[PDB]
Structure formats: structure tokens, C-alpha cells
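*Asks:* Take a look at this one; I'll ask things after.
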Amino acid sequence: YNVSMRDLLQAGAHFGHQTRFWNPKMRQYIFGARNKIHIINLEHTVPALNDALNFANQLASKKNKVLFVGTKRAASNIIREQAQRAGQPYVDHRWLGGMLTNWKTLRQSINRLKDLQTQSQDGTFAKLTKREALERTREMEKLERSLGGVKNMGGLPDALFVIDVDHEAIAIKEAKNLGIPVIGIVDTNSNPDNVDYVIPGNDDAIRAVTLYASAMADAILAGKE
RNA sequence: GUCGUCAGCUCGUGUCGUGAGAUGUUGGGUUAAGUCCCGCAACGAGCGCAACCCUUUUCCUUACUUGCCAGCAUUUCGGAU
């Protein structure tokens, strides 16, 4: 299920952000800059991506669960399609604070979200008239948008997979606090300090995002034990 | 009594701070209103607001006197009978 490299170049993972917005810790991976935009080598990217896929396969073989983190506008739909494909919990919309460090509270929300969904499936909503029915149809849609991923989860995820570390800095902080490993995509303007498995790649390109997400989904599906 | 029927006052768990403490309650609209909706390391609660109580406006059921008189009859023309 390896990506080789040619997929990365054709997608466009080599492009980064502008030079003036770079993080100096990336000096090892940047390797140069053709123009006012940094261009990162894929030679260092490839082994890190392959090792990330290997660790994901190990997790799937051990039946451990990998949470998917993307809240950016562009990457949300792709991480949705691939997360449904891999059958893994996901966070597509805004990251609500402390779901991991404050595990106890949010399952109140989860159980009454499940109860609302089951009531909607049943005839309870049918008895009730249109106004307030529309009221918690809206209300349940609001719970569903924030918690579309984690009804099925019964415990802390064993590993995280994050698209933009700089954008989802809070999630990495919580994961670091809890000790759970994180596989994340780090860009030119990103901080790799607390990422256990650091693989560098583009975050703006929807093609690159799709390739990354599809690779992880294929790894989980190819676990098969 | 008064500010004044002014709209605020708080807690649990998480995060930040050596600490007293802070966040939630913040920003954009809207509303009688911390009323509601988006944004947001916050997620949810309680008392306040609103509703539950009384009265007025439309209709229905039950009740027909000491109250009522559409139809019938008698009238001293007064539901007087």
C-alpha cells in the first residue's frame, strides 16, 4: 500500500508556504526554495509516510482505534469520505475543547444525542406537533454536526491522525497530556515538537490531502486481523 | 420603602497561572430580557427572564330560578297569565 513518491509529486506535496512564514525547525526538510515559496523534498517524506502506514497497520491488526482530525474547510470532505471508508471516528467540524482531557462530561451529550436519534427513529417525534419537533430537529442537527464522529467510541482513542498540526494545536496538546501517540502532517509553517511520528507534507493541496487520507484508510482496511 | 420589573447572580468538570485567581458570562446580529442564533478551551447546569395563577375578547357542553320571552294562546296591554 506504499505510495512510492510519484503520487506525491503529481499531487503537489512538494509545495509549501511562503518563506517569510516558515518555521526554522523545518530547515532539515525544506532543502531549498525555488521561489518565494518553499519546496520540500519527498525523499525524506517517503520513509516517514511508509512507517506511518506500517504503524497504522499494526494498530488495525491489534484492533486499536485511530481518530481522524481535520477541521479545515478543504480537508473536511476528504477526511470524511476516507474516514467513512475506513470506519474510524472523526472530527470534521470545530474541535470542542477538552473532549479527551475531560472525557467524563461529553458522554452526557453523546447519550442524549443517541437518545434523540433513537427517538427520531421511533414514533415519539411523530406524536409531537410540528413547532417543537422542528425545534429539536434543529437541536439534534447541532449536536450531530459537532459529534458526528464519536457516538460509536466508548473510550479514549489509542492514536490520533491530524491533518494540520498548527491549526489543531489544541488536539496535539491534549494528546500529549494523555500520552496517546499522534501521526500528523506537518507543513512549512508547522511545529513538530510534540508529534510522535513526524511526516512532512502539504496541507493546502486537496489532492495531497486525498492521497494521505486514502493511504491511511487503505492501511486500516488492509489490517484485516 | 428605594434603585427597579434594572438584567443579572452563580456552580460541576476540564485547561492557564508559583499563587490570590482567570475562562464559561467573551465577539457579530436580534430581543421586554444572560431572549434566541452564529463565532469562540470551553462543555453543561441552577436561581433570575418567560410559563404555571386571576380577569377580558370568540365558540361548545352541563344547568333553567328569584333570571330570559323567539313561536302559541289569554290579556286590565304591565312576562301581567
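A note on labels: chains of the C-alpha cells are A, B, ... as shown, every chain counts residues from 1, and ligands are counted from 1 in their shown order.
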Given only C-alpha atoms (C1' of nucleotides), how would the per-residue table for chain A near chain B read, listing every residue at most 8 Å away with its closest atom pair and distance in Å to one decimal, sorted by chain and number, as a tab-separated table?
*Replies:*
```
residue	atom	partner	partner_atom	distance
A:96	CA	B:42	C1'	7.2
A:97	CA	B:41	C1'	4.7
A:98	CA	B:14	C1'	6.3
A:101	CA	B:14	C1'	6.7
A:102	CA	B:14	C1'	5.1
A:104	CA	B:13	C1'	7.7
A:105	CA	B:13	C1'	6.7
A:106	CA	B:43	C1'	6.9
```
*Asks:* Find the residues around residue 82 in chain A up to 6 Å (only C-alpha atoms (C1' of nucleotides) counted), leave out those fewer than 5 positions away in its own chain, and share them as an MDAnalysis selection string.
*Replies:* chainID A and resid 213:214 217
*Asks:* Could you go through range 64-187 of chain A and tell me which residues DSSP, when run on the backbone, assigns to strand (DSSP E), listing them as a list in words?
*Replies:* residues 66, 67, 68, 69, 90, 91, 159, 160, 161, 162, 182, 183, 184, 185 and 186 of chain A
*Asks:* Could those residues be written to a file, using N, CA, C and O atoms, as a PDB file, in the first residue's frame?
*Replies:*
```pdb
ATOM      1  N   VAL A  66      -8.090   4.528  15.634  1.00  0.00           N
ATOM      2  CA  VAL A  66      -7.328   5.713  15.251  1.00  0.00           C
ATOM      3  C   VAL A  66      -8.303   6.840  14.949  1.00  0.00           C
ATOM      4  O   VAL A  66      -9.127   6.733  14.032  1.00  0.00           O
ATOM      5  N   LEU A  67      -8.205   7.926  15.710  1.00  0.00           N
ATOM      6  CA  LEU A  67      -9.078   9.071  15.497  1.00  0.00           C
ATOM      7  C   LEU A  67      -8.556   9.901  14.331  1.00  0.00           C
ATOM      8  O   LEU A  67      -7.345  10.009  14.120  1.00  0.00           O
ATOM      9  N   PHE A  68      -9.475  10.471  13.557  1.00  0.00           N
ATOM     10  CA  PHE A  68      -9.146  11.284  12.393  1.00  0.00           C
ATOM     11  C   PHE A  68      -9.473  12.735  12.711  1.00  0.00           C
ATOM     12  O   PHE A  68     -10.584  13.037  13.158  1.00  0.00           O
ATOM     13  N   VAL A  69      -8.515  13.630  12.487  1.00  0.00           N
ATOM     14  CA  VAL A  69      -8.653  15.034  12.850  1.00  0.00           C
ATOM     15  C   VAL A  69      -8.410  15.880  11.610  1.00  0.00           C
ATOM     16  O   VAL A  69      -7.280  15.949  11.102  1.00  0.00           O
ATOM     17  N   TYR A  90     -14.008  10.359  13.888  1.00  0.00           N
ATOM     18  CA  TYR A  90     -13.563  11.511  13.131  1.00  0.00           C
ATOM     19  C   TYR A  90     -14.038  12.802  13.782  1.00  0.00           C
ATOM     20  O   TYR A  90     -15.030  12.817  14.514  1.00  0.00           O
ATOM     21  N   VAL A  91     -13.324  13.895  13.505  1.00  0.00           N
ATOM     22  CA  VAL A  91     -13.742  15.218  13.950  1.00  0.00           C
ATOM     23  C   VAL A  91     -13.660  16.170  12.768  1.00  0.00           C
ATOM     24  O   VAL A  91     -12.588  16.686  12.431  1.00  0.00           O
ATOM     25  N   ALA A 159      -4.678   6.202  19.103  1.00  0.00           N
ATOM     26  CA  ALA A 159      -3.793   7.033  18.302  1.00  0.00           C
ATOM     27  C   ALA A 159      -4.604   8.117  17.609  1.00  0.00           C
ATOM     28  O   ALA A 159      -5.801   7.960  17.355  1.00  0.00           O
ATOM     29  N   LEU A 160      -3.929   9.223  17.300  1.00  0.00           N
ATOM     30  CA  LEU A 160      -4.535  10.326  16.566  1.00  0.00           C
ATOM     31  C   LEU A 160      -3.883  10.439  15.197  1.00  0.00           C
ATOM     32  O   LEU A 160      -2.729  10.045  15.021  1.00  0.00           O
ATOM     33  N   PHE A 161      -4.622  10.984  14.234  1.00  0.00           N
ATOM     34  CA  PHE A 161      -4.090  11.303  12.914  1.00  0.00           C
ATOM     35  C   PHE A 161      -4.611  12.674  12.514  1.00  0.00           C
ATOM     36  O   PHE A 161      -5.800  12.822  12.217  1.00  0.00           O
ATOM     37  N   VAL A 162      -3.720  13.660  12.479  1.00  0.00           N
ATOM     38  CA  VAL A 162      -4.095  15.064  12.347  1.00  0.00           C
ATOM     39  C   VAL A 162      -3.600  15.606  11.011  1.00  0.00           C
ATOM     40  O   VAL A 162      -2.494  15.273  10.559  1.00  0.00           O
ATOM     41  N   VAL A 182       0.514  10.422  18.197  1.00  0.00           N
ATOM     42  CA  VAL A 182      -0.099  11.219  17.142  1.00  0.00           C
ATOM     43  C   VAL A 182       0.723  11.067  15.871  1.00  0.00           C
ATOM     44  O   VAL A 182       1.939  11.287  15.882  1.00  0.00           O
ATOM     45  N   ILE A 183       0.060  10.692  14.782  1.00  0.00           N
ATOM     46  CA  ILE A 183       0.608  10.802  13.437  1.00  0.00           C
ATOM     47  C   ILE A 183      -0.026  12.037  12.817  1.00  0.00           C
ATOM     48  O   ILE A 183      -1.256  12.164  12.786  1.00  0.00           O
ATOM     49  N   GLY A 184       0.799  12.961  12.353  1.00  0.00           N
ATOM     50  CA  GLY A 184       0.297  14.230  11.868  1.00  0.00           C
ATOM     51  C   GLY A 184       1.060  14.698  10.652  1.00  0.00           C
ATOM     52  O   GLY A 184       2.224  14.350  10.446  1.00  0.00           O
ATOM     53  N   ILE A 185       0.382  15.501   9.840  1.00  0.00           N
ATOM     54  CA  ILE A 185       1.002  16.137   8.684  1.00  0.00           C
ATOM     55  C   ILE A 185       1.549  17.481   9.143  1.00  0.00           C
ATOM     56  O   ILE A 185       0.813  18.296   9.712  1.00  0.00           O
ATOM     57  N   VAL A 186       2.836  17.719   8.906  1.00  0.00           N
ATOM     58  CA  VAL A 186       3.484  18.972   9.279  1.00  0.00           C
ATOM     59  C   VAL A 186       3.874  19.711   8.004  1.00  0.00           C
ATOM     60  O   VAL A 186       4.438  19.119   7.074  1.00  0.00           O
TER      61      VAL A 186
END
```
*Asks:* Might you pull out every residue within 7 Å of range 200-205 of chain A, with only C-alpha atoms (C1' of nucleotides) counted and same-chain residues fewer than 5 positions away left off, and present them as a list in words?
*Replies:*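 Selected residues are residues 12, 13, 14, 15, 16, 45, 163, 164, 185, 186 and 187 of chain A.
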*Asks:* So which residues touch range 36-38 of chain B within 12 Å, counting only C-alpha atoms (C1' of nucleotides), skipping near sequence neighbours fewer than 4 positions away, as an NGL selection string?
*Replies:* (:A and (138-139 or 142)) or (:B and (27-31))
*Asks:* Could you please write out, as a PyMOL selection string, every residue of range 12-83 of chain A that DSSP assigns to alpha helix (DSSP H)?
*Replies:* chain A and resi 27-30+45-61+73-83
*Asks:* Work out how far CA of residue 56 in chain A is from CA of residue 220 in chain A, in Å to one decimal.
*Replies:* 6.4 Å
*Asks:* Neighbouring residues of range 19-33 of chain A were defined as those with any atom within 10 Å, considering only C-alpha atoms (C1' of nucleotides); residues of the same chain fewer than 6 positions away were excluded. Please report them as a PyMOL selection string.
*Replies:* chain A and resi 39-45+186-193+199-201
*Asks:* Can you tell me how far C1' of residue 7 in chain B sits from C1' of residue 35 in chain B, in Å to one decimal?
*Replies:*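 According to the coordinates, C1' of residue 7 in chain B and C1' of residue 35 in chain B are separated by 11.5 Å.
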*Asks:* Could you check which of A:53, A:156, A:134, A:74 is closest to residue 99 in chain A, using only C-alpha atoms?
*Replies:* A:156
*Asks:* Rounded to one decimal place, report the CA of residue 76 in chain A-CA of residue 92 in chain A distance in Å.
*Replies:*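 Rounded to one decimal, the two atoms are 5.4 Å apart.
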*Asks:* Quick one: everything within 10 Å of residue 170 in chain A, counting only C-alpha atoms (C1' of nucleotides), minus sequence neighbours fewer than 2 positions away in the same chain. Send it as a VMD selection string.
*Replies:* (chain A and resid 95 to 98 165 to 168 172 to 176) or (chain B and resid 41)
*Asks:* Write the residues of the selection above to a file with N, CA and C atoms (P, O5', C5', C4', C3', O3' and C1' of nucleotides), as a PDB file, in the first residue's frame.
*Replies:*
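Output below, filename part_23.pdb:
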```
ATOM      1  N   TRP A  95     -13.195  21.840  16.756  1.00  0.00           N
ATOM      2  CA  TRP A  95     -12.712  20.956  17.813  1.00  0.00           C
ATOM      3  C   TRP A  95     -13.187  21.533  19.138  1.00  0.00           C
ATOM      4  N   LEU A  96     -14.119  20.838  19.783  1.00  0.00           N
ATOM      5  CA  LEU A  96     -14.618  21.276  21.078  1.00  0.00           C
ATOM      6  C   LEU A  96     -13.577  20.988  22.145  1.00  0.00           C
ATOM      7  N   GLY A  97     -13.330  21.964  23.012  1.00  0.00           N
ATOM      8  CA  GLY A  97     -12.255  21.841  23.971  1.00  0.00           C
ATOM      9  C   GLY A  97     -12.424  20.680  24.935  1.00  0.00           C
ATOM     10  N   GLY A  98     -11.325  19.958  25.136  1.00  0.00           N
ATOM     11  CA  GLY A  98     -11.220  19.009  26.224  1.00  0.00           C
ATOM     12  C   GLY A  98     -12.050  17.750  26.128  1.00  0.00           C
ATOM     13  N   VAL A 165      -1.258  20.340  12.028  1.00  0.00           N
ATOM     14  CA  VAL A 165      -0.844  20.419  13.426  1.00  0.00           C
ATOM     15  C   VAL A 165      -1.014  21.839  13.960  1.00  0.00           C
ATOM     16  N   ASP A 166      -0.642  22.844  13.163  1.00  0.00           N
ATOM     17  CA  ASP A 166      -0.732  24.227  13.617  1.00  0.00           C
ATOM     18  C   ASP A 166      -2.180  24.633  13.850  1.00  0.00           C
ATOM     19  N   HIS A 167      -3.090  24.182  12.985  1.00  0.00           N
ATOM     20  CA  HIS A 167      -4.497  24.507  13.173  1.00  0.00           C
ATOM     21  C   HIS A 167      -5.089  23.733  14.345  1.00  0.00           C
ATOM     22  N   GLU A 168      -4.823  22.428  14.421  1.00  0.00           N
ATOM     23  CA  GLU A 168      -5.302  21.604  15.530  1.00  0.00           C
ATOM     24  C   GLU A 168      -4.216  21.442  16.598  1.00  0.00           C
ATOM     25  N   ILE A 172      -3.317  18.283  19.641  1.00  0.00           N
ATOM     26  CA  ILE A 172      -1.995  17.739  19.935  1.00  0.00           C
ATOM     27  C   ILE A 172      -1.629  17.971  21.394  1.00  0.00           C
ATOM     28  N   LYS A 173      -1.997  19.128  21.946  1.00  0.00           N
ATOM     29  CA  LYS A 173      -1.719  19.378  23.357  1.00  0.00           C
ATOM     30  C   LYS A 173      -2.444  18.376  24.247  1.00  0.00           C
ATOM     31  N   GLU A 174      -3.717  18.107  23.953  1.00  0.00           N
ATOM     32  CA  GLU A 174      -4.470  17.132  24.738  1.00  0.00           C
ATOM     33  C   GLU A 174      -3.882  15.734  24.589  1.00  0.00           C
ATOM     34  N   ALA A 175      -3.506  15.363  23.363  1.00  0.00           N
ATOM     35  CA  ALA A 175      -2.911  14.052  23.134  1.00  0.00           C
ATOM     36  C   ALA A 175      -1.586  13.913  23.869  1.00  0.00           C
ATOM     37  N   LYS A 176      -0.776  14.972  23.873  1.00  0.00           N
ATOM     38  CA  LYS A 176       0.470  14.962  24.629  1.00  0.00           C
ATOM     39  C   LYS A 176       0.202  14.812  26.119  1.00  0.00           C
TER      40      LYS A 176
ATOM     41  P     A B  41     -11.530  28.075  20.073  1.00  0.00           P
ATOM     42  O5'   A B  41     -11.473  28.145  21.664  1.00  0.00           O
ATOM     43  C5'   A B  41     -10.996  27.042  22.428  1.00  0.00           C
ATOM     44  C4'   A B  41     -11.558  27.047  23.828  1.00  0.00           C
ATOM     45  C3'   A B  41     -10.976  28.102  24.767  1.00  0.00           C
ATOM     46  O3'   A B  41     -11.996  28.544  25.663  1.00  0.00           O
ATOM     47  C1'   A B  41     -10.613  25.954  25.674  1.00  0.00           C
TER      48        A B  41
END
```
